[PDB]
Amino acid sequence: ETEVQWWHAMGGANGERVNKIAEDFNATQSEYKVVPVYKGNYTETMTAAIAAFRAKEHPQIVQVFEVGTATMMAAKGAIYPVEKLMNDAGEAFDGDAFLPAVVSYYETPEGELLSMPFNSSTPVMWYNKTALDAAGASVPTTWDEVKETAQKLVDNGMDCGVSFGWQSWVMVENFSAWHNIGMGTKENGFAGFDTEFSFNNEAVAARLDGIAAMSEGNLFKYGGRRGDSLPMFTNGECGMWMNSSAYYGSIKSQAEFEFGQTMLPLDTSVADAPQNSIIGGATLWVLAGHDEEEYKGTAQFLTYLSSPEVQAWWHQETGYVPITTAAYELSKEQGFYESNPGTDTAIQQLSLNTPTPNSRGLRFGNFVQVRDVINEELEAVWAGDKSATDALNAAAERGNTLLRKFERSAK
Ligand SMILES: O=P(O)(O)OC[C@H](O)CO
């Protein structure tokens, strides 16, 4: 058998599902063996795959988070564009089948998808319904309601009211799209490499300052980057938790309480109605430099991932959105949204209203490094070391240096 190495960043429950998908494909035919290899968080996984390319130890497939897309698109010669791979191997590829938001987010300026969609998400407001009920609180729709609900929870003895993971993705990137404000110039990077950051504005700053002020009295508690704060929610310590829809699998298995999810809170001091939320998660890039049989097996595995049944199973088990309309329709016909209330929140929120350039998503080179900058500066806010105005100004300044570095090399 010819092995197809797939380096990915799926840990915990979702990682076990990756291994089930690969092995199911391996059991259906006798020519190709997909070998999934966990390489760490998204940054570690992308870094590892790129570093391996010199020693020719790089995988056939690498999962690269949405953040890394501009960098991967500029890495011409390192990637095998998926449409060319599929045609070369004799496998179908129909980009139009993917959700419109996925297509608009990932397509090149000429309308081509270079990578294979797989795990797309958006942030939702997770909540402990048991704790809300005991506190006499309601599911919030606005930021004022988030604070009031947090107060009721803590008054009723909850350790803390609200927290969030992936804080830049949630409280800067998605917060901006949800309120139709720009994240950077040149249409959040889609219109040019000469972009600069625009999130250092009064709307974002005032919200971050408001959250920091909730630390007193434990209405808010910071619980770290990425998914580090997950056990705060599943242990029943915080009653509200904003993070990826893709925590559904972990939450369903680890939470001893009744849980729900709803759309992100609206900051009514910024807007009277929400816009839409934006993509998170990753896509699958095929790397150059391998042989024909390795690519044939890669293409056949991508076909296995393209089926509505596999896409629906992945969505149902993880909380990543159904990546195609067909997978959504299959899940609906199976009664999944009736039997599991709220699992259609993420797909609805991505397409809530006709998008604007501010709500398409983001495309910034070196955004892997900018993500660290933004997390560092937000941590300075939670620690009381900087105001949000100063922290965001520093994040935009440091981020702009990274954008200029990318622009200089992308020519
Ligand atoms: O937890 P995920 O896979 O939905 O990813 C969250 C963010 O989009 C990562 O940048």
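Parameters and conventions
Residues numbered from 1 in each chain as written, not as in the entry; some residues may be left out. Heavy atoms only, no water. Buried < 20%, exposed > 50% of the residue type's maximum accessible area, 1.4 Å probe, protein only. Helix = DSSP H or I, 4+ residues; strand = E, 2+ residues; numbered from the N terminus. Arc of directions from axis to C-beta. Contact = heavy atoms within 4.5 Å. Axes fitted to C-alpha atoms, helices over the stretch in contact; angles between N-to-C directions. Parallel < 35°, antiparallel > 145°, perpendicular 65-115°, else oblique. Left-handed = near helix turned anticlockwise from the far one by under 90°. Nonpolar A, V, L, I, M, F, W, Y, C, P; charged D, E, K, R; others polar. Pairing = 2+ DSSP bridges. Salt bridge = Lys/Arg side-chain N within 4 Å of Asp/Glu carboxyl O. Polar contact = N/O pair within 3.5 Å; in protein donor to acceptor, adjacent residues only side chain to side chain. Near = heavy atom within 4 Å. Areas by Shrake-Rupley, 256 points an atom, 1.4 Å probe, with all protein chains shown as cover. Domains from an automatic or database assignment.

**Q** Give me the lowdown on helix α15 (residues 325–333), citing residues and values where you can.
**A** The set of residues buried in α15 consists of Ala 327, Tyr 328, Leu 330 and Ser 331. All buried residues of α15 lie within an arc of 165 degrees about the axis, which places them on one face of the element. On its buried face, α15 is in contact with α14 (308–318), α16 (336–339) and α17 (345–350). Among the residues trailing α15, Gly 335 stands out with phi positive, at a value near 80 degrees.

**Q** Tell me about the packing of helix α1 (residues 12–28) against α14, and please be specific about residues and values.
**A** Where α1 meets α14, the axes come as close as 10 Å, and the angle between the chain directions of the two elements is 160 degrees. Between α1 and α14, the angle falls in the class roughly antiparallel. For the crossing formed where α1 meets α14, the hand is right-handed. Mapping the contact onto sequence places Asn 14, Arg 17, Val 18, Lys 20 and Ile 21 in α1 and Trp 313, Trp 314, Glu 317 and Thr 318 in α14. For the contact of α1 with α14, the residue count by class is four nonpolar, two polar and three charged.

**Q** A description of the sheet that holds strand β7 (residues 238–244) should follow, citing residues and the corresponding values.
**A** Across the sheet, which stays open at both edges, the four strands sit in the order β6-β7-β5-β8 with mixed pairing between neighbours. Only two strands of the sheet have a single neighbouring strand rather than two, namely β6 (160–164) and β8 (259–262). Mean inter-strand twist for the sheet, computed between neighbouring axes without regard to direction, equals 20 degrees. Across four bridges, the pairing between strand β5 (residues 123–128) and β8 is antiparallel. Bridging from a neighbouring strand, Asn 128 pairs with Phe 259 of β8.

**Q** An account of the pattern of salt bridges is requested, with residue identities and associated values reported.
**A** Enumeration over the complete set of coordinates arrives at twelve salt bridges. Put simply, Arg 371 and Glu 173 hold a salt bridge, and the shortest N to O gap is 2.8 Å. Of this pair, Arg 371 sits in helix α18 (residues 367–382) while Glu 173 sits in helix α8 (residues 167–178), placing them 198 residues apart in sequence. When its relative accessible area of 6% is taken as the criterion, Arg 371 is described as buried. By relative accessible area, which is 2% here, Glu 173 ends up buried. With a closest N to O distance of 3.0 Å, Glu 407 and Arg 404 form a salt bridge.

**Q** So what's going on with the side chain of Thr 142? Which residues, and what values?
**A** In this fold, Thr 142 is placed in the loop between α6 (129–134) and α7 (143–155). Engagement of the side chain of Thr 142 in a polar contact is seen with the backbone nitrogen of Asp 144, the distance being 3.5 Å. Reaching out from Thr 142, the side chain makes a polar contact with the backbone nitrogen of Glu 145 at a distance of 3.0 Å. When near neighbours in sequence (up to four residues on either side) are disregarded, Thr 142 contacts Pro 265, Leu 266 and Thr 268.

**Q** Quick one: what's the story with the sheet that holds strand β9 (residues 280–286), residue by residue and with numbers?
**A** Taking strand neighbours across the sheet as the criterion, the five strands line up as β2-β1-β3-β9-β4 in an open arrangement whose pairing is mixed. The sheet is open, and its two edges are formed by β2 (32–38) and β4 (116–121), each paired on a single side. Neighbour-to-neighbour, the strand axes of this sheet turn through a mean angle of 20 degrees, independent of strand direction. Of the strands in this sheet, β1 (2–8), β2 and β4 touch α1, which is tilted by about 170 degrees from β2.

**Q** Can you lay out the site of the ligand for me, pointing to particular residues and giving the numbers?
**A** Around the ligand, the surrounding shell consists of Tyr 42, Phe 65, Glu 66, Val 67, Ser 121, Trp 166, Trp 169, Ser 244, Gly 280, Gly 281, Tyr 320 and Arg 371. A distance of 2.6 Å separates an oxygen atom of the ligand from a polar atom in the side chain of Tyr 42. Separating an oxygen atom of the ligand from a side-chain N or O atom of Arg 371 is a distance of 2.8 Å. Surface burial for the ligand is 97%, taken as the share of its 310 Å² of free accessible area covered by protein chains. Shared between two domains, the shell around the ligand takes at least three residues from each, and those domains are domain 1 (2–121 + 279–339) and domain 2 (123–277 + 364–409).

Note that all results are geometric; they support no functional claim without further evidence.
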